[PDB]
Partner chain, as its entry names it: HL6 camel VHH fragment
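Only one chain is shown below, in structure tokens, and it's the form deposited without the partner chain.
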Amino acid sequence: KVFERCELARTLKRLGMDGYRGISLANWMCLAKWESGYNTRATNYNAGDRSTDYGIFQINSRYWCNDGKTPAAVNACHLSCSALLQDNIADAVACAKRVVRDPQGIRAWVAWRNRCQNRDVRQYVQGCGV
């Protein structure tokens, strides 16, 4: 599923993402936009370390979910990477929440640092009623 902007904003807010560990909804939206264009089935293979990024937040299989094919990987979210390719994003959100409980918080995603950190991200939630 490819979410429309405001649809995703409300979906995430209903899932308890607004201000989760200090991260505003707008930041999560900016992260989703730059990671997958709001596409839940987005996938990216990294030939360098043989891992794959899955779903709307492009969560990596080396550390967060299990896909069986990633060499010496762990499964911190205790999910099959398949759960990160569902139209319903509840599992992906639970996993994204797990990622940010770690030291780096929202900085875990290089894309957030590249295109959201210290940027004006108001535009991602304006008009969505959140």
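Positions refer to the first chain, counted from 1.
(request) Give the stretch, out of 15-23 and 109-117, with the larger mean C-alpha temperature factor in the deposited entry. (result) Higher mean C-alpha B-factor in the PDB entry: 109-117.
(request) Would you mind comparing 1-9 and 119-127 for me and telling me which has the higher average C-alpha temperature factor in the entry? (result) Taking the mean B-factor of the alpha carbons in each, 119-127 is higher.
(message) Looking at 94, 84, 73, 29, which one carries the largest C-alpha B-factor according to the PDB entry?
(response) That would be 73.
(message) Splitting the chain's C-alpha B-factors into thirds, which one does residue 40 fall into?
(response) Within its chain, residue 40 is a lowest-third residue by C-alpha B-factor, going by the deposited values.
(request) Divide the modelled residues of the chain into thirds by Cα B-factor and specify which third, lowest, middle or highest, holds residue 99. (result) Ranked within chain, residue 99 CA B lands in the lowest tercile.
(message) Using only modelled residues of the chain, where does the Cα B factor of residue 47 rank: lowest third, middle third or highest third?
(response) It belongs to the highest third of the chain when residues are ordered by C-alpha B-factor.
(message) Lowest, middle or highest third: which one holds residue 63 when the chain's residues are ordered by CA B-factor from the entry?
(response) Its C-alpha B-factor belongs to the highest third of this chain's values.
This next part talks about the form solved in complex with the partner chain, which is not shown.
(request) Would you give me the residues of 1-34 that have any heavy atom within 4.5 Å of the partner chain in the entry with it bound, in order from first to last? (result) Heavy-atom contacts to the partner chain in the entry with it bound: 14, 15, 16, 20.
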